[PDB]
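Heads up: the structure comes next, in C-alpha cells.
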Amino acid sequence: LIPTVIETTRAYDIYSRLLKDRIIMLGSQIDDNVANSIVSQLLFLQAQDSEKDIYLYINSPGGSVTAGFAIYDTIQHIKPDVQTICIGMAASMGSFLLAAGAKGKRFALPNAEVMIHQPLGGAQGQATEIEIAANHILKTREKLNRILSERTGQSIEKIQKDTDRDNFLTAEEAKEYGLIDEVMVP
Amino acid sequence: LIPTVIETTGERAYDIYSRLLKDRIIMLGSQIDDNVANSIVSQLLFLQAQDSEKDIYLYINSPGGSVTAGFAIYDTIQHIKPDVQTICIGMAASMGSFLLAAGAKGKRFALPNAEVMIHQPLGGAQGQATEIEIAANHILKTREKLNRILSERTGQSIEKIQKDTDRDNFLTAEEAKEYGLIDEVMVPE
Amino acid sequence: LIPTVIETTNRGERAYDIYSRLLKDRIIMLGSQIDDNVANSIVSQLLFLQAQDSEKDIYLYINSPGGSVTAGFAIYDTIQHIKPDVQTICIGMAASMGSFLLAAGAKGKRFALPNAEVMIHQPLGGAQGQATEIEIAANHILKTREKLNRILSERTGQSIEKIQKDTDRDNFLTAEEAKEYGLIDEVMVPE
Amino acid sequence: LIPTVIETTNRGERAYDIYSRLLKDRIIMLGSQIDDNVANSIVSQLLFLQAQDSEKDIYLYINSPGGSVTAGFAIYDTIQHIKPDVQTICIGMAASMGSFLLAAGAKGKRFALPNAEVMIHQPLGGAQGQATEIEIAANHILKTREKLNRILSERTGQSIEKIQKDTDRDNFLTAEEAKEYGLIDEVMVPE
Amino acid sequence: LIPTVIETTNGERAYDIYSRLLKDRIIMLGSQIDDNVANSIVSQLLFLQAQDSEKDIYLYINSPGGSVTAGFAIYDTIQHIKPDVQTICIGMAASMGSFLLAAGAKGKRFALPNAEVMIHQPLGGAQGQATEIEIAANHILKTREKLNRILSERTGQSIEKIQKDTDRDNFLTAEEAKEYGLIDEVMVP
Amino acid sequence: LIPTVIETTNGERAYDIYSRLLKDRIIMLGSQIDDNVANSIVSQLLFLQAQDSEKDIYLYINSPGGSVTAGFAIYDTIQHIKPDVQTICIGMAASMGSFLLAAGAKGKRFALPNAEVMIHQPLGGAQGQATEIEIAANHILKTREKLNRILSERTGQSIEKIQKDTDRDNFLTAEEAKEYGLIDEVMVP
Amino acid sequence: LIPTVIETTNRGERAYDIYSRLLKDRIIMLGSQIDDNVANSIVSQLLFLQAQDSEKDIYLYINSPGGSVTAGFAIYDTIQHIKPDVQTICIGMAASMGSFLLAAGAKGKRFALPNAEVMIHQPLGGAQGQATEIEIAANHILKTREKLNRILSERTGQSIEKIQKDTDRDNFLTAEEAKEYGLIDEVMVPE
Amino acid sequence: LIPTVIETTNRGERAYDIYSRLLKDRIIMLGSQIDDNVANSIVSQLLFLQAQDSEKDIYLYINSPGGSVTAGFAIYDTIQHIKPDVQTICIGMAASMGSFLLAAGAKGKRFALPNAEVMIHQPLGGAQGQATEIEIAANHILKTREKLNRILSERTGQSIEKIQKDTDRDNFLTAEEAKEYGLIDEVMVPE
Ligand SMILES: CCCC/C=C/C(=O)N[C@@H](Cc1cc(F)cc(F)c1)C(=O)N[C@H]1COC(=O)[C@@H]2C[C@@H](C)CN2C(=O)[C@H](C)NC(=O)[C@@H]2CCCCN2C(=O)[C@@H]2CCCN2C1=O
Ligand SMILES: CCCC/C=C/C(=O)N[C@@H](Cc1cc(F)cc(F)c1)C(=O)N[C@H]1COC(=O)[C@@H]2C[C@@H](C)CN2C(=O)[C@H](C)NC(=O)[C@@H]2CCCCN2C(=O)[C@@H]2CCCN2C1=O
Ligand SMILES: CCCC/C=C/C(=O)N[C@@H](Cc1cc(F)cc(F)c1)C(=O)N[C@H]1COC(=O)[C@@H]2C[C@@H](C)CN2C(=O)[C@H](C)NC(=O)[C@@H]2CCCCN2C(=O)[C@@H]2CCCN2C1=O
Ligand SMILES: CCCC/C=C/C(=O)N[C@@H](Cc1cc(F)cc(F)c1)C(=O)N[C@H]1COC(=O)[C@@H]2C[C@@H](C)CN2C(=O)[C@H](C)NC(=O)[C@@H]2CCCCN2C(=O)[C@@H]2CCCN2C1=O
Ligand SMILES: CCCC/C=C/C(=O)N[C@@H](Cc1cc(F)cc(F)c1)C(=O)N[C@H]1COC(=O)[C@@H]2C[C@@H](C)CN2C(=O)[C@H](C)NC(=O)[C@@H]2CCCCN2C(=O)[C@@H]2CCCN2C1=O
Ligand SMILES: CCCC/C=C/C(=O)N[C@@H](Cc1cc(F)cc(F)c1)C(=O)N[C@H]1COC(=O)[C@@H]2C[C@@H](C)CN2C(=O)[C@H](C)NC(=O)[C@@H]2CCCCN2C(=O)[C@@H]2CCCN2C1=O
Ligand SMILES: CCCC/C=C/C(=O)N[C@@H](Cc1cc(F)cc(F)c1)C(=O)N[C@H]1COC(=O)[C@@H]2C[C@@H](C)CN2C(=O)[C@H](C)NC(=O)[C@@H]2CCCCN2C(=O)[C@@H]2CCCN2C1=O
Ligand SMILES: CCCC/C=C/C(=O)N[C@@H](Cc1cc(F)cc(F)c1)C(=O)N[C@H]1COC(=O)[C@@H]2C[C@@H](C)CN2C(=O)[C@H](C)NC(=O)[C@@H]2CCCCN2C(=O)[C@@H]2CCCN2C1=O
C-alpha cells in the first residue's frame with residue numbers, strides 16, 4: 001500500500017515524511033475529511049515555523065466548495081507563503097486552490113491539466129425551496145468569480161463567460177490566464 | 001374489476017365510465033399525467049361536437065400530478081362553449097383542486113366530506129448554477145401563473161394565495177366554499 | 001379469473017361476468033382494498049343504479065380491509081346523497097374504512113354473517129421533514145379522526161369519547177359484538 | 001391457457017371456457033390459495049346458483065392449500081346461509097382452511113378421492129411492535145383458533161380437546177383417515 | 001403465439017389449436033404440473049366423460065412433472081371416469097409426468113421412439129424445529145410409499161426394486177420404459 | 001489518510017494531526033453530528049477542563065450538523081465546564097453546527113471570511129397511528145421552541161424573528177452571521 | 001477516529017484513547033444502542049472498577065437510545081450487585097432501556113444536564129407463526145413489561161398503574177420533568 | 001470498541017483489553033452467538049487456564065442466545081474434561097445452547113443474576129431435497145435432541161419426558177424458575 005521510509009538522525013509513511021519538510025499533499029476529492037486534515041497541517045506548520053514557506057501539491061478533481069473554502073481561508077490567514085504546485089490535474093475547486101497560492105509561487109508541471117467550471121448542485125421539492133437553493137448557488141458563484149478575478153487579474157465578466165462551460169487548460173494556458181505564475185521546467 | 005352495464009332503449013353493453021360519458025359526465029379519478037390529460041381533452045372536445053349548448057360534468061377524485069397536463073385540461077374547459085360543472089368527491093388536491101375551481105361560476109360543488117388541498121408546485125434541478133437558475137425561474141413563473149388564475153377564480157388576492165399555498169393546506173367542503181374554490185356544498189336531496 | 005354466466009329473457013341470451021350479473025340485480029361488490037380506482041367504480045355503480053330506479057334498494061356486500069380514507073368518503077357521501085336505501089352486508093371481514101362503510105348503510109338494513117369479523121381503528125399516516133411540515137400533517141390526520149369519530153357516533157349511537165377510546169388500538173369484534181355496538185343492526189340467520 | 005369448449009345447447013351452439021362450462025352444471029372450483037378475490041368469486045357463484053334454483057344441489061370441488069381465514073369464513077357463511085345442499089369433493093389436496101371448507105359440506109355429501117390429501121393445522125399470523133399490540137394480535141388469533149375448533153367439533157363429531165391436540169402441529173391425513181375423523185363422509189370409489 | 005385453425009360447417013368455426021384437439025378428446029399435458037394445470041386437466045377429463053362415457057380419451061404428455069398432490073388429482077380423475085385414458089409421451093415424461101404416463105389404460109400407454117422417460121423419488125423440504133422436520137419427513141416418506149405401491153401395480157416390478165431404481169434420477173429410453181412396465185408400446189410411424 | 005507529526009523532547013514523540021491539536025486544547029468538530037461524534041467531543045471537553053480549569057478551549061467547526069440530542073450533549077458540556085470555549089467556523093457550520101457556533105463564549109465566536117453559516121428548523125418524521133404522529137409532532141415542535149429560546153439569548157434576536165428566519169433554510173455569509181448575533185468577529189489574516 | 005491523549009503519570013508518560021483515559025477515573029461511557037456487545041463491555045468495566053476499589057464511586061454517563069432489554073438487565077443487575085455507588089448522568093438523550101438504566105443509579109446521585117432528553121415507553125417485540133407461538137411471545141413480552149414497571153415503581157416512587165399509563169405511548173420528558181417524576185434526583189447546574 | 005486497562009505488579013505496567021484482563025483472573029466471557037470461532041476461543045481459553053493451574057476454579061460468564069449445537073458441545077466436553085471446577089453465571093440472557101452450557105457448570109456453582117432470563121428449546125434445523133435426504137436430516141436432529149435431553153436430565157434432576165415436553169416450544173424462565181428447574185443452583189444476591 002503506502003510505503004515506509006527510514007531516516008537516520010525513525011520510520012515514516014511517505015506522506016508524513018514530506019510533511020516534515022513542509023509539503024502538504026492535496027491528492028484526492030475534496031470533502032470535509034480532506035479539508036480538515038489540510039487545515040490542521042497548515043496550522044501545525046505555521047506553529048512550527050511562522051516564516052518558512054509551505055508547499056501545497058495538488059492532484060485533485062475538486063469536490064465540495066465549502067470544504068475548499070476551509071482550505072482557502074486557512075492559506076490566506078497564516079503568515080507563511082503557501083506555494084502551490086499542480087501535478088497531473090487540478091480541476092474545479094482544486095484549480096481554485098492552485099490559484100490561491102502566494103503570488104509568484106504558483107506552479108504547474110508541463111503536462112499538467114487545469115480545469116475551470118461553474119459550481120455544481122441540486123434541489124428537489126417546492127418552488128420556494130428550489131428558489132432558495134438557486135439563489136444560494138448563484139451567490140456562491142459570484143463569490144468564486146470575485147476571488148478568481150483578484151487572483152488572476154482577469155475581469156469578473158470574462159471569468160463568468162469562460163467558466164459557463166467546462167474549460168480545460170494546458171499548463172501554458174493556465175499561466176496566460178493568471179491561474180499560475182510559472183510552468184516548472186525539467 | 002371494471003363492471004359492465006346493459007341499457008334498454010336494441011340493447012348495448014357499456015363499461016361503467018363509458019356509460020356515464022353518454023350522459024356527458026367525465027371522470028377525473030386518478031393522478032394527472034399526459035395520458036389522463038389527453039383522454040379528458042378528447043372527451044371534452046367530443047361532447048362539444050355532440051352538443052355545444054348542453055352542460056358537461058367533470059367529477060374529480062384526484063391527487064393532482066403534472067402541472068402542464070393539468071393546464072391542458074384547464075385550457076380545454078375554458079375554450080369550449082358548454083359550461084363545465086365540477087364536483088369534488090373524496091379528494092381534490094394540487095392540480096385537482098385547481099381544476100375544481102376552474103368549473104363554470106355558480107356550478108362548482110363538493111360533497112360534505114370531500115377534502116380540498118391546495119399547495120405550491122413541486123420540482124427538481126440538477127447540475128450547473130445557471131441550469132438551476134433556469135429551472136428555478138421556470139417553476140416560480142409557473143407558480144405565478146397558477147396563483148393569478150386561482151386569484152381570479154376565488155376572489156382572493158395573489159398574496160393571500162401565496163401565503164395559503166406556501167405549505168400544504170387542507171380544507172373542508174365548507175372551508176373551500178368560504179374560500180371561493182367552490183360555490184356550493186352538495187347536500188343530500 | 002372471473003367466471004362467466006349466461007342469462008335468458010325477452011331480449012335473449014346474454015353473457016356476463018359474475019360481478020356484472022350481480023350488478024343487474026342492484027348488488028355492488030366491495031371486495032378489495034379501498035383505493036381511488038375501487039371508490040370511483042363504486043361511486044359510478046351507485047349513481048347508475050339510482051338513474052335506473054330511484055326507489056328500489058341497493059345492496060353493498062363488504063369484504064374489505066379498508067385502505068384510503070378519502071376514497072372511502074367518496075363512497076360514503078354517494079351512499080348518503082342518493083335516494084335509494086343502501087343495505088350493507090359484511091361477509092368475512094370489514095376492517096377499518098370497510099367497517100365505517102358497513103355502519104354507513106341505511107338504518108335497520110345493516111347486516112353481518114355469523115362468523116364475519118369487524119375491526120375498528122384510528123386512521124394511519126406519515127410525515128417526514130421539517131417541524132412545521134410534521135405539525136400540519138399531524139393536525140390533518142387528527143381532524144380526519146375527529147370527522148370519522150363524529151360520523152361513527154351518529155351511525156352507532158355511541159359517544160365520540162367511547163369511540164375515541166375503543167379505536168385507540170385495533171379493536172376486533174364478532175358479528176354479535178358489532179350488533180351490540182351499533183355498527184350493524186342484524187346478524188344474518190342461515191337457511 | 002385454459003381450454004375453450006364448444007357445446008350444442010338449446011338456445012344454440014356456444015363457446016365456453018371450461019370452468020364457466022362446469023358452473024352451468026352447478027359446479028364451483030376452489031383450486032387456488034384462498035384470498036379475498038377467490039372468496040368473493042365463490043360467494044357470487046353460490047348466490048347465483050341459489051337464484052337459478054333454490055332446490056338443486058351445488059358441488060364444490062376443492063384443491064386448495066388454504067390461505068386467509070376471514071376469506072375462508074366468507075365462503076363458509078355463504079354455504080350455510082343458502083338453501084341448497086353444498087357437496088364437497090377433495091381432489092388432490094385440501095389443507096388448512098381448505099380442509100375446513102371440505103368439512104363444511106352438507107352432511108352425507110363430503111367426499112375425498114382415494115389418493116387425495118387432507119391437512120389440518122392451527123391458524124398462522126404475526127405481530128411486530130409494542131407489547132400492547134402483540135397482546136391484541138395474540139388474543140385475536142387465539143379467539144380465531146377457538147372459533148375454528150368449536151365449528152370443527154360440531155362438524156366432525158370430535159371434542160374441542162382432541163382437535164386442539166391434533167392441530168397443534170401440521171397433521172397429514174389420508175382420505176380413509178379423513179373419513180374416520182369425520183372431516184369427510186365417504187371415500188369416492190371408482191364408479 | 002397460439003395459432004388459430006378454421007373448420008367448415010353446413011359456415012365456419014375458429015379454434016385455438018389446443019381447443020381443436022380437445023374436440024377430438026385429446027388433452028395436452030405439456031407443462032410443469034401445478035394446481036392450475038391439474039384443475040384444468042381434471043375439468044377436461046370430466047367434460048369428455050359427460051360428452052361420451054364410451055369413447056376413449058387421449059392424454060398427450062410432455063411434462064417434467066411438478067406437484068405430487070396436483071399429479072394425484074389427475075391420477076384419481078383418470079381412475080374415476082369410465083372412458084379409457086390413453087397416454088402418449090412426446091419429448092419427455094419426468095417425475096409425476098412419468099407416473100401419469102404409467103397410469104394410462106392397460107395396453108394403451110405409448111411413447112414415441114426418441115421420447116425420454118424419467119423416474120425419481122419425491123422432492124421436498126422443511127425448516128424449523130426438530131418436531132416440524134420429523135413430521136415433514138414422515139409425510140414425504142409415506143407419499144413415496146404411496147407412489148411406489150401404485151407404480152408396482154402398474155409396472156409389475158416389486159416395491160423393493162422401484163425403491164432402488166428411483167433412489168437417484170433414472171433416465172429411460174422409450175424401449176427401456178416399455179420393458180420396465182411404464183408403457184406397453186413404442187409408437188412407430 | 002491521517003498524517004503523523006513528530007516533535008522533539010529533552011527524545012521524540014509521534015502524533016496523528018488531530019491528537020496533536022488537542023494537546024494545545026483544540027477540538028475538531030469536522031463531521032456530521034451523531035452520538036459517536038458527540039461522546040468524543042464531550043470527553044475531550046471534560047479532559048481539557050481536568051488538565052486546566054483556567055485556560056481557554058477552542059472548538060473548530062466544519063459540520064453540517066446532524067442529531068439535535070447529540071448536539072445538546074455538546075452544548076450542555078460547553079455550558080457546564082469552567083473554561084471559555086471559543087468557536088471558529090471554517091468552511092460551513094450548518095443546522096446544529098451553527099447552533100454550537102453561536103454557543104461559544106461571549107466575544108469569542110469566530111468565522112473565516114469565506115466560511116458559510118446555515119440556520120434552519122429541526123427535521124424529523126413519524127409513521128403510524130394518528131396518536132403516534134401527534135406525539136412526534138408535539139415533541140419536535142417543543143424541541144424547536146427550545147432551540148429558538150437559546151438562539152434568542154445568544155443572538156439578541158427575538159424568538160419571533162428566529163422562527164421566521166429558520167422556517168426555510170437561511171444561508172448567511174460570515175459578515176451576515178456576525179451582524180445576526182451568531183458570531184462576534186470575522187477572523188481576518 | 002477517536003483522539004489519543006498523552007498524560008504524564010506516576011509510572012510514566014502514557015498514551016491513551018480518550019475513553020480508556022476516562023475509565024482510569026472510574027467513568028464508564030454508555031453512548032450507543034444497547035446490544036449484547038455493549039452490555040458485556042459495561043459489565044466487565046463495572047467489575048474491573050470494583051476490583052480496583054470496592055469503596056469509591058463509579059460514574060456512568062448515558063447518551064443512549066436503548067436497545068435490548070436483556071442486555072439492559074445485564075447492566076442493571078451488575079450495578080445493583082457491586083458494592084460501590086453507581087452515579088448516572090444523562091447527557092443528550094436517555095431513551096427506553098437508556099432511561100431505565102438512568103433511573104437505576106444510586107439514590108441521590110442520578111443527574112440530567114439542563115437540555116438532556118429522557119424518553120419512557122413500553123417494550124418492543126415480534127412474533128410470526130402459529131397461534132401457540134404468538135401466545136408465548138405475547139406472554140413473554142407482557143411479563144417483561146411487568147418486570148420493568150415493578151422495578152421502575154420502586155425507583156421512581158410512582159405506582160405501577162401510573163407507569164403503565166405513562167409508558168403506553170412514547171413519553172418525552174425534559175430534565176426537570178424527569179426530576180419531578182423521580183427518574184433522576186437532580187438537574188446538573190452549570191458549576 | 002473495547003476499552004483498555006493498565007495493570008501494575010512486580011513485572012510493571014501492562015496494557016490489557018478488558019476481556020484479556022478478566023482472563024488473567026480465570027474469567028471467560030461467553031457473550032455472543034455460539035459459532036465455531038467463539039467455541040474454539042472458549043475451548044483454547046479453558047485449556048490454557050488448566051495448564052496455568054489445574055486446581056483453581058474457572059468462571060464462565062454467559063450472555064448468549066445460543067447458536068450452533070456442535071460448537072456448544074465442543075465447549076461442553078472441554079468443561080467436563082478439564083480438572084478445575086467451571087462455575088457458570090448467567091447475566092442478562094442464557095438462551096438455547098447458552099442455557100445448556102449454564103446447566104453444564106460444576107454442581108453447586110451455577111448462578112444467575114435476579115433479573116437474568118433463561119430460555120430452553122428444542123434444536124433447530126432444515127432439509128431440502130429428496131425424501132431419503134430429508135429422512136437422514138430428520139433422524140440426525142432427532143438423535144441430537146435425544147442427546148441434549150439426556151444430558152439436561154443429568155444436570156437438572158428432571159426426567160427426559162419432562163424436558164421433552166417443556167422444550168417442545170420456546171420456554172422462558174426467570175432466575176428463580178431456573179433454580180427450581182435445576183438449571184442453576186443459586187440466584188446471586190446483590191451487595
Ligand atoms: C500545534 C497546534 C497549532 C494550532 C494553531 C491554531 C491556529 O493557528 N489557529 C488560528 C485560527 C484558525 C483556525 C483555523 F482553523 C483556520 C484558520 F485559518 C485560523 C489562530 O487563532 N491562531 C492564533 C494563535 O493561537 C491562538 O491564539 C489560540 C491558541 C491556539 C492553540 C488556538 N488559538 C485559537 O484558536 C484562538 C481562536 N486564537 C486566538 O485566541 C488569538 C486571539 C484572538 C484572535 C485569534 N487569535 C489570533 O489570531 C492570535 C493572535 C494573532 C495571532 N494569533 C494566532 O496566530
Ligand atoms: C368529434 C371530434 C371533435 C374534435 C373537436 C376538436 C376541436 O373542437 N378543436 C378545437 C381546438 C382545440 C383543441 C384542443 F385540443 C383543445 C382546445 F381547447 C381546442 C377547434 O379548433 N375547434 C373548432 C372546430 O373544429 C375545427 O374547426 C377544425 C376541424 C375540427 C375537426 C378540427 N379543427 C381544428 O382543430 C382546427 C385547429 N380549428 C380550426 O380550423 C378552426 C379555424 C381556425 C381556428 C380554430 N378553428 C375554430 O376555432 C373553429 C372556428 C369555428 C369554431 N371552431 C371550432 O369550434
Ligand atoms: C346514467 C348516469 C347517471 C349519472 C347520475 C349522476 C348523479 O346523479 N349525480 C349527482 C351528483 C353526484 C355525483 C357523484 F359523484 C356523487 C354524488 F353523490 C352525487 C347529481 O348531481 N344528480 C342529479 C341529477 O343529475 C344531474 O342533474 C346532472 C346530469 C347528471 C347526468 C349529471 N348531473 C350533475 O352532475 C349535476 C351536478 N347535477 C345538477 O346539476 C343538479 C342541479 C344542481 C345540484 C345538483 N343537481 C341535482 O342534485 C339534480 C336535481 C336534484 C336531483 N339531481 C340529481 O339527482
Ligand atoms: C343472481 C343474483 C342473486 C343475488 C342473491 C343475493 C342473496 O341471495 N343474498 C343473500 C344474502 C347473502 C349475501 C352474501 F353474500 C352471503 C350470504 F350469505 C347471504 C340474501 O339476502 N338473499 C335474499 C334474497 O335477496 C334479497 O332479498 C335482496 C335482493 C337480492 C338481490 C339482494 N338482497 C339482499 O341482499 C337483501 C339484503 N336481502 C333481503 O333484503 C332480504 C330481507 C332482509 C333480510 C335478508 N333478506 C332475505 O334473507 C330474503 C328473505 C329471506 C330470503 N331472502 C333471500 O334469500
Ligand atoms: C360437463 C361437466 C361434467 C361434470 C362432471 C363431474 C363429475 O363427473 N364428477 C364426479 C366426481 C368427481 C369430481 C372430480 F373432480 C374428480 C373425480 F374424479 C370425480 C361425479 O361425482 N360424477 C357422477 C355424476 O355427477 C354427479 O352426480 C353430480 C352432478 C355432477 C354435475 C356433479 N356431481 C357430483 O359431483 C356428485 C358428487 N356426484 C354424485 O352425487 C353422485 C352420487 C354420490 C357419489 C358421487 N356420484 C356419482 O359417482 C354419481 C353416481 C355414480 C355416477 N356418478 C357420477 O358419474
Ligand atoms: C480526565 C477525565 C476528566 C473527567 C471529568 C468529568 C467531569 O467533569 N464530569 C462532570 C459531569 C459532567 C459529565 C458530562 F458528561 C457532561 C457534563 F457536562 C458534565 C462533573 O460532575 N464534574 C465534577 C468533578 O468530577 C466529579 O466530581 C466526579 C468524578 C469525576 C471523575 C466524575 N464525577 C462526576 O461525574 C460526578 C457526577 N460529579 C460529582 O459528584 C460532583 C458532585 C455532584 C454534582 C456533580 N459534581 C460536581 O459538579 C463536582 C462539584 C462541583 C464540581 N464538580 C465537578 O467539576
Ligand atoms: C478484575 C477482575 C475482577 C473480576 C470480578 C468478578 C466478580 O466480581 N464477579 C462477581 C459476580 C458477578 C459477575 C457478573 F458478571 C455480574 C455480577 F453482577 C456479578 C463475583 O462473584 N464476585 C466475588 C469475587 O470474585 C469471586 O469470588 C470469584 C473470582 C472472581 C475472579 C470471580 N469470582 C466469581 O465469579 C465467583 C462466582 N464468585 C465467588 O466464587 C464468590 C463465592 C460464590 C458466590 C459468588 N462469590 C462472591 O460473591 C464473592 C464473596 C462475596 C463477594 N464476592 C465477590 O465479590
Ligand atoms: C499451554 C497449552 C496447553 C494445552 C492443553 C491441551 C490439553 O490439555 N488437551 C487435552 C485434550 C483436549 C483438547 C481439547 F481440545 C479439549 C479437551 F477437552 C481436551 C489433553 O489431551 N490434555 C493432556 C495434556 O496434554 C497432552 O498430554 C498433550 C500435550 C498437550 C500440549 C497436548 N496434548 C494432547 O493433546 C494429547 C492428545 N494428550 C495426550 O497425549 C495425553 C495422553 C493421551 C490421552 C490424552 N492425554 C492426556 O489426557 C494427558 C495425560 C492425562 C492428562 N493429560 C492431559 O491433561
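Order determines the names: the first chain of the C-alpha cells is A, the second B, and so forth; residues in each chain are numbered 1 upward, and ligands are numbered 1 upward as they are shown.
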Please check which protein, DNA or RNA residues sit within 9 Å of ligand 4, counting only C-alpha atoms and all ligand atoms, and write them as a PyMOL selection string. (chain C and resi 18+21-27+57-62+87-91+109-113+186+188-191) or (chain D and resi 40+43-52+74-83)
Quick one: residues within 7 Å of residue 149 in chain H, only C-alpha atoms counted, chain neighbours fewer than 6 positions away excluded, as a PyMOL selection string? chain H and resi 160+163-164
Counting only C-alpha atoms, what is within 8 Å of residue 171 in chain E, bar same-chain residues fewer than 6 positions away, as a list in words?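 Everything that qualifies: residues 116, 117, 118 and 119 of chain E.
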Output file for the residues above (C-alpha atoms, as a short mmCIF file (atom, residue, chain, number, x, y, z; two decimals), in the first residue's frame):
```cif
data_model
loop_
_atom_site.label_atom_id
_atom_site.label_comp_id
_atom_site.auth_asym_id
_atom_site.auth_seq_id
_atom_site.Cartn_x
_atom_site.Cartn_y
_atom_site.Cartn_z
CA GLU E 116 -37.39 -39.90 -22.85
CA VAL E 117 -38.84 -41.14 -19.54
CA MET E 118 -37.51 -40.20 -16.08
CA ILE E 119 -38.41 -41.82 -12.73
#
```
Produce as a list in words the set of residues near ligand 2, where near means within 9 Å with only C-alpha atoms and all ligand atoms considered.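 Sorted by chain and then by number, the residues are residues 38, 41, 42, 43, 44, 45, 46, 47, 48, 49, 50, 72, 73, 74, 75, 76, 77, 78, 79, 80 and 81 of chain B.
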Per-residue nearest contacts of chain F to ligand 6 (6 Å; only C-alpha atoms and all ligand atoms) as JSON lines:
```
{"residue": "F:46", "atom": "CA", "partner": "ligand 6", "partner_atom_place_in_ligand_line": "5 (C)", "distance": 4.5}
{"residue": "F:47", "atom": "CA", "partner": "ligand 6", "partner_atom_place_in_ligand_line": "1 (C)", "distance": 4.2}
{"residue": "F:50", "atom": "CA", "partner": "ligand 6", "partner_atom_place_in_ligand_line": "3 (C)", "distance": 5.0}
{"residue": "F:76", "atom": "CA", "partner": "ligand 6", "partner_atom_place_in_ligand_line": "18 (F)", "distance": 5.5}
{"residue": "F:77", "atom": "CA", "partner": "ligand 6", "partner_atom_place_in_ligand_line": "18 (F)", "distance": 3.5}
{"residue": "F:80", "atom": "CA", "partner": "ligand 6", "partner_atom_place_in_ligand_line": "18 (F)", "distance": 4.9}
```
Please identify which residues in chain A DSSP calls strand (DSSP E) from the backbone, and express them as a PyMOL selection string. chain A and resi 4-6+11-13+23-26+54-60+82-91+106-108+113-116+120-126+167-169+182-183
Residue among F:63, F:177, F:185, F:128 lying closest to chain D, counting only C-alpha atoms: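 Between F:63, F:177, F:185, F:128, the residue approaching chain D most closely is F:128.
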Long-range neighbours of range 176-183 of chain C as a PyMOL selection string, 7 Å cut-off, only C-alpha atoms, 5 positions minimum in chain: chain C and resi 102-103+118+156-157
Exercise answer, chain G residues close to chain F, 8 Å and only C-alpha atoms, as a ChimeraX atom specification: /G:2-6,18-19,22,31-32,63,91-93,113-117,169-170,172,189-191
So that I can check the secondary structure, give me every residue of range 58-182 of chain B assigned alpha helix (DSSP H) by backbone DSSP, as an MDAnalysis selection string. chainID B and resid 67:79 95:100 129:154 158:165 173:179
Using only C-alpha atoms and all ligand atoms, which residues have at least one atom no more than 6 Å from ligand 1? Output them as a list in words.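 Written in the requested form, the residues are residues 43, 44, 47, 73, 74 and 77 of chain A; 21, 24, 58 and 90 of chain F.
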Residues from last step as file, N, CA, C and O atoms, as a PDB file, in the first residue's frame:
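In the end it all went to out-v7.pdb:
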```pdb
ATOM      1  N   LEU A  43      -1.970  24.724   9.845  1.00  0.00           N
ATOM      2  CA  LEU A  43      -1.864  25.350  11.166  1.00  0.00           C
ATOM      3  C   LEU A  43      -0.682  24.830  11.987  1.00  0.00           C
ATOM      4  O   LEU A  43      -0.042  25.604  12.705  1.00  0.00           O
ATOM      5  N   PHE A  44      -0.401  23.531  11.872  1.00  0.00           N
ATOM      6  CA  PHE A  44       0.740  22.905  12.554  1.00  0.00           C
ATOM      7  C   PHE A  44       2.082  23.415  12.025  1.00  0.00           C
ATOM      8  O   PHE A  44       2.998  23.684  12.811  1.00  0.00           O
ATOM      9  N   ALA A  47       2.711  26.897  13.253  1.00  0.00           N
ATOM     10  CA  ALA A  47       3.100  26.768  14.662  1.00  0.00           C
ATOM     11  C   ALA A  47       4.558  26.318  14.842  1.00  0.00           C
ATOM     12  O   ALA A  47       5.223  26.738  15.794  1.00  0.00           O
ATOM     13  N   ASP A  73      -9.267  29.891   3.045  1.00  0.00           N
ATOM     14  CA  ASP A  73      -9.185  30.850   4.148  1.00  0.00           C
ATOM     15  C   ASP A  73      -8.012  30.589   5.085  1.00  0.00           C
ATOM     16  O   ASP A  73      -7.395  31.539   5.566  1.00  0.00           O
ATOM     17  N   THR A  74      -7.706  29.310   5.321  1.00  0.00           N
ATOM     18  CA  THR A  74      -6.552  28.910   6.135  1.00  0.00           C
ATOM     19  C   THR A  74      -5.221  29.259   5.460  1.00  0.00           C
ATOM     20  O   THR A  74      -4.280  29.668   6.146  1.00  0.00           O
ATOM     21  N   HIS A  77      -4.988  33.193   5.826  1.00  0.00           N
ATOM     22  CA  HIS A  77      -4.888  33.609   7.231  1.00  0.00           C
ATOM     23  C   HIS A  77      -3.484  33.485   7.821  1.00  0.00           C
ATOM     24  O   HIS A  77      -3.057  34.349   8.593  1.00  0.00           O
TER      25      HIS A  77
ATOM     26  N   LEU F  21      -3.276  18.614  17.890  1.00  0.00           N
ATOM     27  CA  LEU F  21      -4.066  19.803  18.112  1.00  0.00           C
ATOM     28  C   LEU F  21      -4.736  19.821  19.468  1.00  0.00           C
ATOM     29  O   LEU F  21      -4.819  20.832  20.070  1.00  0.00           O
ATOM     30  N   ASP F  24      -2.828  21.161  22.409  1.00  0.00           N
ATOM     31  CA  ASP F  24      -2.963  22.614  22.555  1.00  0.00           C
ATOM     32  C   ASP F  24      -4.419  23.087  22.729  1.00  0.00           C
ATOM     33  O   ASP F  24      -4.737  24.258  22.476  1.00  0.00           O
ATOM     34  N   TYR F  58     -10.719  25.585  22.429  1.00  0.00           N
ATOM     35  CA  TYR F  58     -11.026  26.060  21.079  1.00  0.00           C
ATOM     36  C   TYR F  58     -11.729  24.973  20.276  1.00  0.00           C
ATOM     37  O   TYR F  58     -11.167  23.902  20.040  1.00  0.00           O
ATOM     38  N   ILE F  90     -14.881  27.141  10.108  1.00  0.00           N
ATOM     39  CA  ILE F  90     -14.144  27.009   8.842  1.00  0.00           C
ATOM     40  C   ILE F  90     -15.011  26.234   7.844  1.00  0.00           C
ATOM     41  O   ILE F  90     -15.609  25.219   8.198  1.00  0.00           O
TER      42      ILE F  90
END
```
